[PDB]
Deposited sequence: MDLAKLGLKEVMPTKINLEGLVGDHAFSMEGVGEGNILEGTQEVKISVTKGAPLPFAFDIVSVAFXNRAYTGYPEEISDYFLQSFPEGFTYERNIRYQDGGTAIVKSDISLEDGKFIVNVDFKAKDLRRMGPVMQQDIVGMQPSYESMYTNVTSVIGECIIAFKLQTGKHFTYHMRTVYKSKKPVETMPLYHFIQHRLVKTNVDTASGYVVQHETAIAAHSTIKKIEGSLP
């Protein structure tokens, strides 16, 4: 429960700076908001600034809008936090169940108070009738992202589930390779990271979404029949 020694004063915002490419449409969005370190709550003001308005459901660039905002318990080590000082990133692959794919390339950093991001969304081969281009998507339901060490980096893997307007659901398969560019102390064992990402409340409003991502790390609570493996 240290903080000031890491470049980090608990109190810390975010400023996202996305640029994008879905199918054919070169857009360029942007985020502004904040949350906090140890309970790991967050929310940010995403706002298109080129290629408005969007030919595709917006909700697919929202996992692109940091795991610094994660609530870590004592019994599990926090790669993303321990990371900085200065150089840490990810590389992320989506496959939407309809067959469309997506690739995401960040670069987080620390300036004053906290984080900057340069994201780079890019999707392809989504189907006409698919929930993304049909903008059926109400939003994502929660799910637990598995997190496991592989040497110099962490791999994360969840199945994110879009709630469609019809009550049914649209799933995709995401998988993440977080690699902090300064080598960093301890690397965690294997565990879960659970999110529920929701969008705040914008009525009809001005033209901005705001979402509230908060994620807390945990361990399978059905504890082990001690005489077993693994």
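A single segment of the deposited sequence is absent from the coordinates, namely 66.
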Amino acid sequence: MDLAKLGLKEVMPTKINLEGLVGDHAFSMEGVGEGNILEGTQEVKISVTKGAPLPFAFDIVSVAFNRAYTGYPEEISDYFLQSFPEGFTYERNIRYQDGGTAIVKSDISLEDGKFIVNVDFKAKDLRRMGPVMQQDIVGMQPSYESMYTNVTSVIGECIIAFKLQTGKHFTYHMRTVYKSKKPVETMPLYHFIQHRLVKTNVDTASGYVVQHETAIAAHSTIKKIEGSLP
From here on, numbers count along this sequence of modelled residues.
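Throughout, rigid core stands for the largest set of C-alpha atoms superposing within 1.5 Å between the two forms.
Superposition on the core shows that, in 4 other deposited structures of this protein, the C-alpha atoms drift more in one of 145-153 and 80-88; this is 80-88. Greater C-alpha displacement in 4 other deposited structures of this protein (rigid core superposition, RMS over structures and residues), of 110-118 versus 154-162: 110-118. As the entry records it, the average C-alpha temperature factor is higher for 106-114, out of 106-114 and 143-151. For the two regions 51-59 and 31-39, the entry's Cα B-factors average higher over 31-39. Which of 202, 177, 187, 64 has the largest Cα B-factor in the deposited entry comes down to 202. Sorting the modelled residues of the chain by their CA temperature factor places residue 98 in the lowest third. Looking at the C-alpha B-factors along this chain, the one for residue 83 belongs to the highest third.
In this PDB entry, residue 166 carries a Cα temperature factor that places it within the lowest third of its chain's modelled residues. Ranked within its chain, residue 73 lands in the highest third, by CA B factor from the PDB record.
Per-chain ranking of the deposited C-alpha B factor places residue 181 in the highest third.
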